[PDB]
Amino acid sequence: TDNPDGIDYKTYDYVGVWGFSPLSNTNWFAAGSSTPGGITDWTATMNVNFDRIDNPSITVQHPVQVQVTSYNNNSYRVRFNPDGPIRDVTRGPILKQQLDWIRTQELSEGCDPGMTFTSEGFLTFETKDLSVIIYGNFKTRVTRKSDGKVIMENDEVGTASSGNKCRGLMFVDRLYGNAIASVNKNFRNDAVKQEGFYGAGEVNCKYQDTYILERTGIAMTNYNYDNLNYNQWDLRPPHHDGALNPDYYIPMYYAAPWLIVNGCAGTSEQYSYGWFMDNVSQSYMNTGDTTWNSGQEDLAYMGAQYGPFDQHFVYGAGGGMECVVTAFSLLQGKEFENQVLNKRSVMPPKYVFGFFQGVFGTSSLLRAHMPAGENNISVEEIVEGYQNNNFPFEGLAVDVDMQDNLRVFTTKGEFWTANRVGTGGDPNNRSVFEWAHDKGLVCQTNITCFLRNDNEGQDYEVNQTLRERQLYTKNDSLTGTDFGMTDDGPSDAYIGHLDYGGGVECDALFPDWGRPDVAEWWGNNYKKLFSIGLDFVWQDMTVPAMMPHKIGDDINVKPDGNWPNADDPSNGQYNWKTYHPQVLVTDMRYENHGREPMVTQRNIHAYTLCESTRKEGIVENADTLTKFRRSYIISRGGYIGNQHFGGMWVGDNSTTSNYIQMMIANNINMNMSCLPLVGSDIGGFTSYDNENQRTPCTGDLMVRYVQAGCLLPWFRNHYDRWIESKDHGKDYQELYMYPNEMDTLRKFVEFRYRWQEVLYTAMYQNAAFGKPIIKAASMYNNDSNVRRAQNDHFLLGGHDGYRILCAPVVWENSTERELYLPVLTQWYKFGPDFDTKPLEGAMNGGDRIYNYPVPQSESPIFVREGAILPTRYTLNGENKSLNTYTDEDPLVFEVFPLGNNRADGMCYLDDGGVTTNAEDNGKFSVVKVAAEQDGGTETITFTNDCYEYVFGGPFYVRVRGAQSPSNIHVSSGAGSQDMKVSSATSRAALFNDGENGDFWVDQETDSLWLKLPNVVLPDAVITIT
Ligand SMILES: OC[C@H]1NC[C@H](O)[C@@H](O)[C@@H]1O
Ligand SMILES: [Cl-]
């Protein structure tokens, strides 16, 4: 029952953008004519006649489904299968059940798209703000009702005499290939529309000497790769000479066949649509690139190596790029599961927003058990360095160093206190994670799906049971390709090789995900790490990142660095650093559908892997977790939709200015691809100094690395550490190892910790409403200058999520930057200094300042007028981990100067993920706040959308720019008292000794502080006279 659909697989190898050319037309079919095929529910069918562009007398018939997916959010969907019947996926971002839920709801509200065919056979329908006509050859024209402006239309190619063929729908003749494609008109060079293409996940793009946000005029591919430094040599163009730089035509770790189009930007007629081709074979997005004749300036396309063809167009409910992102998250939502909290993504435990240090190259938990080796370091020493210098420090990412000789799910004796492996909870022999708990830390460990196979007698229960229950990927293929064999076997198993450099390597077996039982089995292994204290998950080598291998060499032998190349191609022998593309893996896209060669679904392996860890690991064994029941996953690769499993770090970056640039750009682009909780390794993972690899990050690059990343969602300093036993990496990178910059380093980490609720609320808003935490400058509407500023300017936070403006310095040894403040609003310079001094005057939005001064101790960060920001301090004044905070450590609602005599605020509150009752039982609180001025009276109002988590400690209002009132009155459900001046005269005295109902005139920071009881938080009217 392998290969149910009778497909002949024509390509297995990596076909770069340079070899993908649907606009060529040769051997390609495109829609030439149709007749109507009925409408059931909201899915129309058109019976489309496809014609070979370069000889239209050759024609085939395939039905194409046209389904409206949301009336209120203006999204519909084209879908056909060139190779067989149209099939609903059973795994992926877009599920039928969620589409059904959305439709059923909008139908109950009497939404009517009025899908109809005309006399002529043209399908017409309408969404809320748009109307669509699709002609005979499937020519498509999408119009916005309010101004009658055509916002999107697909491409038509002419023939000699056979009429116009719609490249809106294309597939390669199956006598010659398997590729699909879809082409639109591209208005990038229109004088008025100036169309720009955004999104596309982790892709990097250089312009002159700089890494930029926009993705216009370039040819990209998704092909999840083990792409160290984002510029792997085998990923080079044909006949490329000299250094390969990271750039647009190089795949990354995450697969985002997703672009958001933006035209007429910063004007009253702005339009925005998202474009999603839902395919997990190698996929392409060309946004008007003439290089290698892969595209044409005036066309834009998407395509893939394999079928099926299934594509979403998503315009959003209303104005602006951001609205495209939230509508997209809804098609991917879990509303049909009745998720009270996790609608658009899964909420992490709060601790995920803390500062982590990871290291590849620790050799024990405690010093007393650290083996001798040049530059060896213990987990304990890192903890000390951070803790003793009073860093706000959350915990560790313990690498494969911890494992027993690379046996995933195991530990070795050195990573325990008593130097032997225990089964857990013995107060006389604590695991790394347990010991880490007592320091008030939480931990991830590295988990790959590489199940070591060369075991030299030594028993490994995980690889063993996989063999026994036949849950491994078999060594079958439709080509008779010999994947290699060892003396360990099994005979019919795919045996890959894991290689970490410097002779640290092993043979592996892998989970055949598509099988029943594999996910359950996978997930039940995590029991072995949860019961010894493991907090969350660091998913890695996800492709799987297998050692480069050429068919016909021993499993442990990799090819010459230079192979394959254009003169000496792969010709079906290279494994492109994962499974050899021909291996028959059990279908991951369609359950109980059979086996298919991996080439078909490369870009879904990591998704599935994350999926299984989240549902069979983290959720099913939630009981085996120790200190915190909720958990998370930081994954290296995945697909669109991966946000219901957890977040991402952007694999192996390096330690240069360019990589700071890229980090910010990846973060912005990843967010808008519906993956909010993402970030890059702070300081850069790999070595950078070509004369000596062990040279650590400089202090000025680390400062700027820290400052750019300090408000991004995932904040982990991680690096490859040179040790004697693994001789690649840098000497160190930990923040405390930078004595000259230590004070700045630490204060920017404090600053983040004070604004932990700003992060957390932003994440709630993402889980409930799909808003991206990080906003591109171009998401700010009615500004025609944010576009030029979009490489390094980004926003977040507050009630709307556009209250904080960041513009980090992105070059080393630099103390100026060109600053642009978004127009029609005011900004206030802020940062780690400003907690303890008054604000400077207001800065006028719409300002361009060249050479804006940014000394090293500073980053550019502004809080908008009308912002009220939930802010947290420690009661005792010392820096501690977020995960050891209680409600007694103050909440403070910082009221910034009023905008239009108004300010606004939002705080999500829950236990932090100690339990799972916020996402399971709706046990959480949303507090909102407002401030208004009206002559001599200011009114501060607390309301709740719901109050199901009880904030057990006193909270504060910090009014900036106010001093001594004549009276403050508080009104509340069970309270109505006038406030009295506190006999405390310092913030520290107010926190610890101040009375519920005290106020304090802070002259030092020009703020008035109200201390209020915990029970007035869900509802209050505070009036300042
Ligand atoms: O597992 C070792 C190593 N693998 C590659 C990952 O990107 C890196 O973060 C990790 O340290
Ligand atoms: Cl990966």
# chains A, B, ... in the order shown; residues from 1 in each chain; ligands from 1

$ closest_atom_pairs --of "chain A" --to "ligand 2" --cutoff "9 Å" --atoms "only C-alpha atoms and all ligand atoms" --output "CSV"
residue,atom,partner,partner_atom_place_in_ligand_line,distance
A:224,CA,ligand 2,1 (Cl),7.0
A:225,CA,ligand 2,1 (Cl),6.3
A:226,CA,ligand 2,1 (Cl),5.4
A:227,CA,ligand 2,1 (Cl),7.9
A:252,CA,ligand 2,1 (Cl),8.7
A:253,CA,ligand 2,1 (Cl),5.4
A:254,CA,ligand 2,1 (Cl),7.9
A:539,CA,ligand 2,1 (Cl),8.4
A:540,CA,ligand 2,1 (Cl),5.7
A:541,CA,ligand 2,1 (Cl),4.3
A:542,CA,ligand 2,1 (Cl),3.9
A:543,CA,ligand 2,1 (Cl),4.9
A:544,CA,ligand 2,1 (Cl),6.4
A:545,CA,ligand 2,1 (Cl),5.7
A:606,CA,ligand 2,1 (Cl),7.3
A:635,CA,ligand 2,1 (Cl),7.9
A:636,CA,ligand 2,1 (Cl),4.8
A:637,CA,ligand 2,1 (Cl),4.6
A:638,CA,ligand 2,1 (Cl),7.9
A:651,CA,ligand 2,1 (Cl),7.0

$ write_last_selection --atoms "N, CA and C atoms" --output "PDB file, in the first residue's frame"
ATOM      1  N   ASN A 224      13.486  23.443   4.822  1.00  0.00           N
ATOM      2  CA  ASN A 224      14.089  23.352   6.152  1.00  0.00           C
ATOM      3  C   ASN A 224      15.469  22.684   6.120  1.00  0.00           C
ATOM      4  N   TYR A 225      16.483  23.415   6.588  1.00  0.00           N
ATOM      5  CA  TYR A 225      17.862  22.946   6.488  1.00  0.00           C
ATOM      6  C   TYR A 225      18.632  23.081   7.792  1.00  0.00           C
ATOM      7  N   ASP A 226      19.669  22.265   7.956  1.00  0.00           N
ATOM      8  CA  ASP A 226      20.595  22.386   9.081  1.00  0.00           C
ATOM      9  C   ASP A 226      21.581  23.497   8.717  1.00  0.00           C
ATOM     10  N   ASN A 227      21.090  24.732   8.680  1.00  0.00           N
ATOM     11  CA  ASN A 227      21.811  25.795   8.016  1.00  0.00           C
ATOM     12  C   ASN A 227      22.588  26.623   9.015  1.00  0.00           C
ATOM     13  N   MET A 252      16.055  28.460   5.300  1.00  0.00           N
ATOM     14  CA  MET A 252      16.356  28.540   6.709  1.00  0.00           C
ATOM     15  C   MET A 252      15.744  27.345   7.452  1.00  0.00           C
ATOM     16  N   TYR A 253      15.451  27.493   8.743  1.00  0.00           N
ATOM     17  CA  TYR A 253      15.078  26.340   9.578  1.00  0.00           C
ATOM     18  C   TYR A 253      13.587  26.094   9.643  1.00  0.00           C
ATOM     19  N   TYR A 254      12.831  27.152   9.336  1.00  0.00           N
ATOM     20  CA  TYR A 254      11.369  27.185   9.405  1.00  0.00           C
ATOM     21  C   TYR A 254      10.743  27.394   8.028  1.00  0.00           C
ATOM     22  N   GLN A 539      13.824  21.755  21.596  1.00  0.00           N
ATOM     23  CA  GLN A 539      13.796  20.816  20.461  1.00  0.00           C
ATOM     24  C   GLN A 539      14.772  21.229  19.368  1.00  0.00           C
ATOM     25  N   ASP A 540      15.607  20.298  18.925  1.00  0.00           N
ATOM     26  CA  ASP A 540      16.754  20.646  18.093  1.00  0.00           C
ATOM     27  C   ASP A 540      17.008  19.581  17.010  1.00  0.00           C
ATOM     28  N   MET A 541      17.895  19.902  16.061  1.00  0.00           N
ATOM     29  CA  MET A 541      18.273  19.010  14.944  1.00  0.00           C
ATOM     30  C   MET A 541      16.998  18.370  14.369  1.00  0.00           C
ATOM     31  N   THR A 542      16.037  19.233  14.037  1.00  0.00           N
ATOM     32  CA  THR A 542      14.636  18.856  13.821  1.00  0.00           C
ATOM     33  C   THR A 542      14.292  18.333  12.416  1.00  0.00           C
ATOM     34  N   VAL A 543      15.106  18.690  11.421  1.00  0.00           N
ATOM     35  CA  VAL A 543      14.881  18.304  10.012  1.00  0.00           C
ATOM     36  C   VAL A 543      14.534  16.810   9.742  1.00  0.00           C
ATOM     37  N   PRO A 544      15.248  15.854  10.356  1.00  0.00           N
ATOM     38  CA  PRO A 544      16.371  15.848  11.298  1.00  0.00           C
ATOM     39  C   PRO A 544      17.679  16.319  10.665  1.00  0.00           C
ATOM     40  N   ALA A 545      18.396  17.199  11.364  1.00  0.00           N
ATOM     41  CA  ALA A 545      19.722  17.658  10.942  1.00  0.00           C
ATOM     42  C   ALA A 545      20.765  16.525  10.948  1.00  0.00           C
ATOM     43  N   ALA A 606       9.644  18.615  11.422  1.00  0.00           N
ATOM     44  CA  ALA A 606       9.796  19.328  12.686  1.00  0.00           C
ATOM     45  C   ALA A 606       8.459  19.730  13.364  1.00  0.00           C
ATOM     46  N   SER A 635      11.716  25.388  19.749  1.00  0.00           N
ATOM     47  CA  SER A 635      12.064  24.512  18.632  1.00  0.00           C
ATOM     48  C   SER A 635      12.956  25.229  17.596  1.00  0.00           C
ATOM     49  N   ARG A 636      13.810  24.466  16.898  1.00  0.00           N
ATOM     50  CA  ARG A 636      14.730  25.049  15.899  1.00  0.00           C
ATOM     51  C   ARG A 636      14.116  25.146  14.494  1.00  0.00           C
ATOM     52  N   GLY A 637      13.197  24.227  14.202  1.00  0.00           N
ATOM     53  CA  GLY A 637      12.453  24.243  12.953  1.00  0.00           C
ATOM     54  C   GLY A 637      10.995  23.809  13.073  1.00  0.00           C
ATOM     55  N   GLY A 638      10.203  24.141  12.060  1.00  0.00           N
ATOM     56  CA  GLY A 638       8.783  23.797  12.021  1.00  0.00           C
ATOM     57  C   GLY A 638       8.121  24.387  10.793  1.00  0.00           C
ATOM     58  N   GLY A 651      18.012  29.006  15.194  1.00  0.00           N
ATOM     59  CA  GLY A 651      19.155  28.144  14.994  1.00  0.00           C
ATOM     60  C   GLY A 651      20.478  28.803  15.291  1.00  0.00           C
TER      61      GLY A 651
END

$ residues_near_ligand --ligand "ligand 1" --cutoff "10 Å" --atoms "only C-alpha atoms and all ligand atoms" --output "PyMOL selection string"
chain A and resi 226-229+253+358-361+397-401+406+445-448+499-501+538-542+545+635-637+649-653+681+685-686+718-721

$ atom_distance --atom1 "atom CA of residue A:147" --atom2 "atom CA of residue A:319"
13.6 Å

$ select_by_dssp --residues "stretch 520-632 of chain A" --states "helix (DSSP H, G or I)" --output "ChimeraX atom specification"
/A:520-525,527-530,598-600,602-619

$ atom_distance --atom1 "atom CA of residue A:804" --atom2 "atom CA of residue A:861"
6.9 Å

$ atom_distance --atom1 "atom CA of residue A:599" --atom2 "atom CA of residue A:450"
19.5 Å

$ residues_around --residues "residue A:372" --least-positions-apart "4" --cutoff "12 Å" --atoms "only C-alpha atoms" --output "MDAnalysis selection string"
chainID A and resid 362:364 367:368 376:378 723:725

$ closest_residue --among "A:163, A:797, A:935, A:217" --to "residue A:294" --atoms "only C-alpha atoms"
A:217

$ select_by_dssp --residues "stretch 812-992 of chain A" --states "strand (DSSP E)" --output "CSV table (one decimal) with C-alpha atoms, in the first residue's frame"
chain,number,residue,atom,x,y,z
A,816,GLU,CA,24.5,57.3,16.8
A,817,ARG,CA,21.6,56.0,14.7
A,818,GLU,CA,19.0,57.5,12.4
A,819,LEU,CA,15.8,57.7,14.4
A,820,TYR,CA,12.2,57.9,13.1
A,826,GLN,CA,4.0,61.6,21.1
A,827,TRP,CA,6.9,59.6,22.4
A,828,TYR,CA,9.0,59.6,25.7
A,829,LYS,CA,12.6,58.4,25.8
A,830,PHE,CA,12.7,55.6,28.2
A,843,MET,CA,9.2,63.9,21.3
A,844,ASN,CA,7.0,64.8,18.3
A,848,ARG,CA,13.5,62.1,11.5
A,849,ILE,CA,16.7,62.6,13.5
A,850,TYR,CA,20.0,61.8,11.8
A,851,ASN,CA,22.8,60.9,14.2
A,852,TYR,CA,20.4,60.5,17.2
A,853,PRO,CA,22.9,60.0,20.1
A,861,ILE,CA,13.4,52.8,23.4
A,862,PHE,CA,10.3,55.1,23.6
A,863,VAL,CA,7.0,54.8,25.4
A,864,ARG,CA,4.0,56.4,23.7
A,867,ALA,CA,0.3,54.2,27.8
A,868,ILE,CA,-0.3,52.5,31.1
A,869,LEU,CA,2.1,49.7,31.6
A,870,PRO,CA,1.9,46.8,34.1
A,871,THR,CA,5.4,46.8,35.8
A,872,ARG,CA,6.8,44.5,38.4
A,891,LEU,CA,2.4,45.2,40.5
A,892,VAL,CA,2.5,48.8,39.3
A,893,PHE,CA,0.4,50.5,36.7
A,894,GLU,CA,2.7,53.1,35.3
A,895,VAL,CA,0.6,55.9,33.9
A,902,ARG,CA,-6.4,59.8,27.9
A,903,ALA,CA,-4.2,56.8,28.8
A,904,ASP,CA,-5.0,53.1,28.6
A,905,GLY,CA,-3.8,49.7,30.0
A,906,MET,CA,-4.2,45.9,29.9
A,907,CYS,CA,-2.8,43.2,32.2
A,908,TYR,CA,-3.4,39.5,31.9
A,909,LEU,CA,-2.9,37.8,35.3
A,925,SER,CA,-7.8,37.6,35.0
A,926,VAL,CA,-7.8,40.3,32.4
A,927,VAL,CA,-7.6,43.7,34.1
A,928,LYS,CA,-8.0,46.8,32.1
A,929,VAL,CA,-7.3,50.4,33.2
A,930,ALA,CA,-8.0,53.9,31.9
A,931,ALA,CA,-6.9,57.4,33.0
A,932,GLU,CA,-8.7,60.6,31.9
A,933,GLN,CA,-8.1,64.3,32.6
A,934,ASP,CA,-11.0,66.7,32.6
A,937,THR,CA,-9.8,66.0,38.0
A,938,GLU,CA,-8.1,62.9,36.7
A,939,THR,CA,-10.0,59.6,36.9
A,940,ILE,CA,-8.3,56.2,37.0
A,941,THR,CA,-10.6,53.3,36.3
A,942,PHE,CA,-10.0,49.6,36.9
A,943,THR,CA,-12.3,47.2,35.1
A,944,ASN,CA,-12.1,43.5,34.4
A,945,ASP,CA,-13.0,41.5,31.3
A,946,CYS,CA,-12.9,38.6,33.8
A,947,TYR,CA,-11.4,38.1,37.2
A,955,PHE,CA,-0.9,47.0,43.6
A,956,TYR,CA,0.1,50.4,42.6
A,957,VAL,CA,-0.7,53.3,40.3
A,958,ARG,CA,2.3,55.3,39.3
A,959,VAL,CA,1.2,58.6,37.8
A,960,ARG,CA,4.0,60.3,35.9
A,968,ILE,CA,-7.5,61.0,46.1
A,969,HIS,CA,-10.8,59.1,46.3
A,970,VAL,CA,-11.1,55.4,45.7
A,971,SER,CA,-14.4,53.6,44.9
A,972,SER,CA,-14.8,49.8,44.7
A,975,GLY,CA,-14.5,49.5,49.5
A,976,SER,CA,-15.1,53.3,49.3
A,977,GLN,CA,-12.3,55.2,51.1
A,978,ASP,CA,-10.3,58.5,50.7
A,980,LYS,CA,-4.1,59.4,53.0
A,981,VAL,CA,-0.5,60.5,52.4

$ residues_around --residues "residue A:138" --least-positions-apart "4" --cutoff "12 Å" --atoms "only C-alpha atoms" --output "PDB file with N, CA and C atoms, in the first residue's frame"
ATOM      1  N   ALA A  30      -1.447  25.286 -17.624  1.00  0.00           N
ATOM      2  CA  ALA A  30      -2.181  26.362 -16.948  1.00  0.00           C
ATOM      3  C   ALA A  30      -3.667  26.357 -17.343  1.00  0.00           C
ATOM      4  N   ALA A  31      -4.542  26.766 -16.428  1.00  0.00           N
ATOM      5  CA  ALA A  31      -5.983  26.909 -16.701  1.00  0.00           C
ATOM      6  C   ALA A  31      -6.302  27.689 -18.001  1.00  0.00           C
ATOM      7  N   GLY A  32      -6.980  27.033 -18.941  1.00  0.00           N
ATOM      8  CA  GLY A  32      -7.363  27.644 -20.218  1.00  0.00           C
ATOM      9  C   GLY A  32      -8.856  27.910 -20.346  1.00  0.00           C
ATOM     10  N   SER A  33      -9.671  27.035 -19.747  1.00  0.00           N
ATOM     11  CA  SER A  33     -11.132  27.170 -19.759  1.00  0.00           C
ATOM     12  C   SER A  33     -11.820  26.453 -18.569  1.00  0.00           C
ATOM     13  N   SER A  34     -13.100  26.750 -18.337  1.00  0.00           N
ATOM     14  CA  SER A  34     -13.894  25.950 -17.397  1.00  0.00           C
ATOM     15  C   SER A  34     -15.390  25.934 -17.707  1.00  0.00           C
ATOM     16  N   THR A  35     -16.101  25.091 -16.953  1.00  0.00           N
ATOM     17  CA  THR A  35     -17.551  25.098 -16.844  1.00  0.00           C
ATOM     18  C   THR A  35     -17.825  24.893 -15.361  1.00  0.00           C
ATOM     19  N   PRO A  36     -18.970  25.384 -14.858  1.00  0.00           N
ATOM     20  CA  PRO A  36     -19.309  25.247 -13.434  1.00  0.00           C
ATOM     21  C   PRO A  36     -19.581  23.818 -12.968  1.00  0.00           C
ATOM     22  N   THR A  45     -17.215  24.455  -6.981  1.00  0.00           N
ATOM     23  CA  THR A  45     -16.267  23.715  -7.783  1.00  0.00           C
ATOM     24  C   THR A  45     -16.294  24.280  -9.200  1.00  0.00           C
ATOM     25  N   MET A  46     -15.117  24.507  -9.774  1.00  0.00           N
ATOM     26  CA  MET A  46     -15.030  24.773 -11.214  1.00  0.00           C
ATOM     27  C   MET A  46     -14.304  23.631 -11.932  1.00  0.00           C
ATOM     28  N   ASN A  47     -14.926  23.093 -12.967  1.00  0.00           N
ATOM     29  CA  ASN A  47     -14.309  22.021 -13.725  1.00  0.00           C
ATOM     30  C   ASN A  47     -13.398  22.617 -14.790  1.00  0.00           C
ATOM     31  N   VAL A  48     -12.144  22.776 -14.395  1.00  0.00           N
ATOM     32  CA  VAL A  48     -11.157  23.547 -15.133  1.00  0.00           C
ATOM     33  C   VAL A  48     -10.399  22.699 -16.172  1.00  0.00           C
ATOM     34  N   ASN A  49     -10.310  23.211 -17.396  1.00  0.00           N
ATOM     35  CA  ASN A  49      -9.513  22.577 -18.441  1.00  0.00           C
ATOM     36  C   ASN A  49      -8.102  23.173 -18.471  1.00  0.00           C
ATOM     37  N   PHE A  50      -7.110  22.335 -18.188  1.00  0.00           N
ATOM     38  CA  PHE A  50      -5.725  22.789 -18.152  1.00  0.00           C
ATOM     39  C   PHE A  50      -5.059  22.522 -19.488  1.00  0.00           C
ATOM     40  N   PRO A  63     -10.928  19.224 -11.294  1.00  0.00           N
ATOM     41  CA  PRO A  63     -11.826  20.149 -10.615  1.00  0.00           C
ATOM     42  C   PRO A  63     -11.057  21.022  -9.635  1.00  0.00           C
ATOM     43  N   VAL A  64     -11.425  22.293  -9.549  1.00  0.00           N
ATOM     44  CA  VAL A  64     -10.783  23.219  -8.631  1.00  0.00           C
ATOM     45  C   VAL A  64     -11.856  23.737  -7.680  1.00  0.00           C
ATOM     46  N   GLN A  65     -11.628  23.519  -6.388  1.00  0.00           N
ATOM     47  CA  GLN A  65     -12.523  24.002  -5.323  1.00  0.00           C
ATOM     48  C   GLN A  65     -12.186  25.431  -4.968  1.00  0.00           C
ATOM     49  N   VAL A  66     -13.207  26.281  -4.915  1.00  0.00           N
ATOM     50  CA  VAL A  66     -13.075  27.668  -4.488  1.00  0.00           C
ATOM     51  C   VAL A  66     -13.962  27.856  -3.256  1.00  0.00           C
ATOM     52  N   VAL A  78      -8.308  28.628  -2.815  1.00  0.00           N
ATOM     53  CA  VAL A  78      -8.315  27.827  -4.037  1.00  0.00           C
ATOM     54  C   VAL A  78      -7.590  26.520  -3.737  1.00  0.00           C
ATOM     55  N   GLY A 121     -20.953  31.284 -16.678  1.00  0.00           N
ATOM     56  CA  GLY A 121     -20.124  30.300 -15.988  1.00  0.00           C
ATOM     57  C   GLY A 121     -19.101  30.903 -15.047  1.00  0.00           C
ATOM     58  N   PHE A 122     -19.136  32.232 -14.914  1.00  0.00           N
ATOM     59  CA  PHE A 122     -18.231  32.931 -14.021  1.00  0.00           C
ATOM     60  C   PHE A 122     -18.719  32.763 -12.589  1.00  0.00           C
ATOM     61  N   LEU A 123     -17.819  32.311 -11.717  1.00  0.00           N
ATOM     62  CA  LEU A 123     -18.079  32.320 -10.283  1.00  0.00           C
ATOM     63  C   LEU A 123     -17.858  33.719  -9.706  1.00  0.00           C
ATOM     64  N   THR A 124     -18.881  34.221  -9.022  1.00  0.00           N
ATOM     65  CA  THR A 124     -18.796  35.425  -8.212  1.00  0.00           C
ATOM     66  C   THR A 124     -19.202  35.096  -6.793  1.00  0.00           C
ATOM     67  N   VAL A 132     -15.465  39.160  -5.408  1.00  0.00           N
ATOM     68  CA  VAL A 132     -14.562  38.376  -6.229  1.00  0.00           C
ATOM     69  C   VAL A 132     -15.258  37.846  -7.480  1.00  0.00           C
ATOM     70  N   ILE A 133     -14.609  38.018  -8.626  1.00  0.00           N
ATOM     71  CA  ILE A 133     -15.072  37.376  -9.848  1.00  0.00           C
ATOM     72  C   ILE A 133     -13.961  36.505 -10.414  1.00  0.00           C
ATOM     73  N   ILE A 134     -14.343  35.322 -10.879  1.00  0.00           N
ATOM     74  CA  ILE A 134     -13.410  34.372 -11.455  1.00  0.00           C
ATOM     75  C   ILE A 134     -13.945  33.930 -12.810  1.00  0.00           C
ATOM     76  N   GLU A 153      -5.048  40.571  -8.431  1.00  0.00           N
ATOM     77  CA  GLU A 153      -5.423  39.823  -9.625  1.00  0.00           C
ATOM     78  C   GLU A 153      -4.297  38.877 -10.026  1.00  0.00           C
ATOM     79  N   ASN A 154      -4.666  37.697 -10.536  1.00  0.00           N
ATOM     80  CA  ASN A 154      -3.667  36.709 -10.965  1.00  0.00           C
ATOM     81  C   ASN A 154      -3.126  36.917 -12.388  1.00  0.00           C
ATOM     82  N   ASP A 155      -2.072  36.189 -12.739  1.00  0.00           N
ATOM     83  CA  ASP A 155      -1.431  36.321 -14.048  1.00  0.00           C
ATOM     84  C   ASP A 155      -2.074  35.472 -15.167  1.00  0.00           C
ATOM     85  N   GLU A 156      -2.132  36.062 -16.375  1.00  0.00           N
ATOM     86  CA  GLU A 156      -2.443  35.366 -17.646  1.00  0.00           C
ATOM     87  C   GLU A 156      -1.285  35.453 -18.641  1.00  0.00           C
ATOM     88  N   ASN A 164      -6.018  33.098 -23.819  1.00  0.00           N
ATOM     89  CA  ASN A 164      -5.197  33.367 -22.644  1.00  0.00           C
ATOM     90  C   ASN A 164      -5.253  32.269 -21.587  1.00  0.00           C
ATOM     91  N   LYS A 165      -4.083  31.887 -21.093  1.00  0.00           N
ATOM     92  CA  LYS A 165      -3.961  30.826 -20.105  1.00  0.00           C
ATOM     93  C   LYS A 165      -3.652  31.432 -18.746  1.00  0.00           C
ATOM     94  N   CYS A 166      -4.370  30.998 -17.709  1.00  0.00           N
ATOM     95  CA  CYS A 166      -4.207  31.600 -16.376  1.00  0.00           C
ATOM     96  C   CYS A 166      -3.143  30.899 -15.564  1.00  0.00           C
ATOM     97  N   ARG A 167      -2.033  31.597 -15.358  1.00  0.00           N
ATOM     98  CA  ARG A 167      -0.946  31.038 -14.580  1.00  0.00           C
ATOM     99  C   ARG A 167      -1.251  31.096 -13.082  1.00  0.00           C
ATOM    100  N   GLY A 168      -2.404  31.687 -12.741  1.00  0.00           N
ATOM    101  CA  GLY A 168      -3.023  31.575 -11.414  1.00  0.00           C
ATOM    102  C   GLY A 168      -3.095  30.142 -10.917  1.00  0.00           C
ATOM    103  N   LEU A 169      -3.193  29.204 -11.861  1.00  0.00           N
ATOM    104  CA  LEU A 169      -3.170  27.775 -11.583  1.00  0.00           C
ATOM    105  C   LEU A 169      -2.187  27.124 -12.552  1.00  0.00           C
ATOM    106  N   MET A 170      -1.169  26.440 -12.033  1.00  0.00           N
ATOM    107  CA  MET A 170      -0.182  25.751 -12.864  1.00  0.00           C
ATOM    108  C   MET A 170       0.274  24.469 -12.202  1.00  0.00           C
ATOM    109  N   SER A 182       1.587  29.190  -8.681  1.00  0.00           N
ATOM    110  CA  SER A 182       0.505  30.169  -8.781  1.00  0.00           C
ATOM    111  C   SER A 182       1.053  31.581  -8.956  1.00  0.00           C
ATOM    112  N   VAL A 183       0.613  32.273 -10.001  1.00  0.00           N
ATOM    113  CA  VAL A 183       1.209  33.562 -10.368  1.00  0.00           C
ATOM    114  C   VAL A 183       0.196  34.698 -10.277  1.00  0.00           C
TER     115      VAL A 183
END

$ residues_around --residues "stretch 575-580 of chain A" --least-positions-apart "3" --cutoff "9 Å" --atoms "only C-alpha atoms" --output "list in words"
residues 12, 13, 14, 225, 226, 234, 481, 483, 494, 496, 543, 544, 545, 546, 547, 548, 549, 550, 551, 570, 572, 583, 598, 599 and 602 of chain A

$ closest_residue --among "A:873, A:774, A:312, A:619" --to "residue A:757" --atoms "only C-alpha atoms"
A:873

$ residues_around --residues "stretch 688-693 of chain A" --least-positions-apart "5" --cutoff "7 Å" --atoms "only C-alpha atoms" --output "number ranges by chain"
A: 654-655, 729-730

$ closest_residue --among "A:8, A:668, A:568, A:230" --to "residue A:244" --atoms "only C-alpha atoms"
A:230

$ closest_residue --among "A:262, A:389, A:320, A:585" --to "residue A:780" --atoms "only C-alpha atoms"
A:320

$ decode --residues "stretch 712-716 of chain A" --atoms "C-alpha atoms" --output "compact mmCIF listing (two decimals), in the first residue's frame"
# COMPACT_ATOMS: atom_id res chain seq x y z
CA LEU A 712 12.10 40.39 22.05
CA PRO A 713 10.02 37.40 23.15
CA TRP A 714 12.73 34.72 23.60
CA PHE A 715 15.91 35.90 25.42
CA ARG A 716 18.67 33.33 25.73
